[PDB]
């Protein structure tokens, strides 16, 4: 199997700066003069891969000027002359010289931007859910930067541990921010044994808390 | 536009089998080799299989040889993948892609067109459709909580896809119950909360659960 290795795996770039993603193959991909069997693909979050470049340097249909490929034999470079925020996603090289076709590991393009604090929202369990026997309390962190943020649930000011799970979106293609959702899961019984439900979000040494009283 | 639409993904037991399909339109199907590429959860791309335009030749990754069988029906513009002796490692989104022109020597334009994919989960657990609960509160957030379903995936849209700006649909988390739970939120002008309805459109094909929940 031809082994493809990509450099870097993570590429933080400021919009407007160039980017360059490199691919090495373990065997030469030059089949004939002008025929290097290497392609570049982009996969944006929650989408299919799309072809950027084929045969080392041929830009596919509808791909912007900004993208170009070069190289020969065992070494190849995808270039982005001027990175835009909508370019965020994963980039893979693939050789098609031989079956099995084989991919590089992926390079995640990350956009650098200014810090943005999240708009925070807390959601109590629905009465519909409570009827089942369980309560999920949800905390939304909307449109922040950078990725690092700490979510701490507090129940009647007691710090919770081990009863929450969270997940985060990929960087937004327009504003380059992340969002995060956290769910605190309690039995209905436990939920009804307490009053104040609080989500505290920390970025650096600043902490923002949204809460509600189960009663009111 | 050339388009590829995959179908046939879902849940099956280890040892079991399933067939995937991929319908092509917008091109002369029989002229082109057709390829399957898969993506295990949170991993990169892996080539699975190809088959020439005519079906003269088939090609498989080492790990799928013999238990997977590619096919095509040129008269219905349809590619197939018979997946037998299923393993945990076959859990992935499977994509179909248009491959080389099958001229005395084939002509290669990259994997120029890709399907939207179809998710295959290999697990001894059983199918379970989600509950959908509202997330009720100059900007307001509202959402839906899609709780307790198996396997992946679920899709969420808002107002039948009309509403796109401000939507975050989060990565599902696997709870300790072995079931998934996902949230989808949108930020909306607070002013219009009385003059405009917001409906989440949840689909979980594996359970045939298709739910529209108005959030008040």
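When we count neighbours, we look across all protein chains shown, and the Cβ atoms used for this are built from the backbone with ideal geometry, even at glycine. The values are calculated or read from the model by the stated rules, or taken from the named source; none is laboratory data.
Annotations for the structure displayed:
- If you check B:195, B:199 for being surrounded by fewer than 19 Cβ atoms within 10 Å (Cβ to Cβ), more than 13 Å from every other protein chain (Cβ to nearest Cβ) and farther than 15 Å from residue B:162 by Cα, only one passes: B:195.
- Of the residues making up segment B:64-78, those that are touching a strand residue (DSSP E or B) at 6+ places or on another chain (Cβ under 9 Å) and closer than 16 Å to residue A:101 by Cβ are B:64, B:68, B:70.
- The set of residues in segment A:129-162 being within 13 Å of chain B (Cβ to nearest Cβ) and on the phi > 0 side of the Ramachandran plot consists of A:133, A:143, A:162.
- Residue A:71 falls short on exactly one of the conditions (1) more than 14 Å from chain B (Cβ to nearest Cβ); (2) within 27 Å of the chain's Cα centre (by Cα); (3) in a strand (DSSP E or B), and that condition is (2).
- Residues that are assigned to a loop (DSSP other than H, G, I, E, B) and either away from chain A (no Cβ under 11 Å) or within 19 Å of residue A:186 (Cα to Cα) (or both) within segment B:105-137 comprise B:123, B:124, B:125, B:126, B:127, B:129, B:130, B:136, listed in sequence order.
- Residue that is nearest to the other protein chains (Cβ to nearest Cβ), among those in segment A:82-95 that are part of a loop (DSSP other than H, G, I, E, B) and in contact with a strand residue (DSSP E or B) (Cβ under 7 Å, 6 or more places away or on another chain): A:88
- Residue in segment A:157-206 that is farthest from the chain's Cα centre (by Cα), counting only those that are more than 26 Å from residue B:177 (Cα to Cα) and crowded, with 17+ Cβ neighbours inside 10 Å: A:200
- Residue within segment A:183-192 that is part of a loop (DSSP other than H, G, I, E, B) and over 21 Å from residue A:109 (Cβ atoms) present: no
- The single condition from (1) assigned to a strand (DSSP E or B); (2) more than 28 Å from residue A:186 (Cβ to Cβ); (3) more than 21 Å from the chain's Cα centre (by Cα) that residue B:141 fails is (2).
- Residue ID - nearest to the chain's Cα centre (by Cα), chosen from residues in segment B:19-69 that are farther than 28 Å from residue A:45 by Cα and within 12 Å of chain A (Cβ to nearest Cβ): B:51
- If you filter segment A:112-128 down to residues that are facing chain B (nearest Cβ under 8 Å) and surrounded by 20 or more Cβ atoms within 10 Å (Cβ to Cβ), you find that the one that is nearest to residue A:169 (Cα to Cα) is A:121.
- When B:26, B:56, B:42, B:9 are checked against the criterion of being closer than 28 Å to residue B:127 by Cβ, surrounded by fewer than 16 Cβ atoms within 10 Å (Cβ to Cβ) and not assigned by CATH to the domain that holds residue B:152, B:42 stands alone in meeting it.
- Looking across segment B:138-151, the residues that are surrounded by 21 or more Cβ atoms within 10 Å (Cβ to Cβ) and more than 10 Å from chain A (Cβ to nearest Cβ) come down to B:146, B:149, B:150, B:151.
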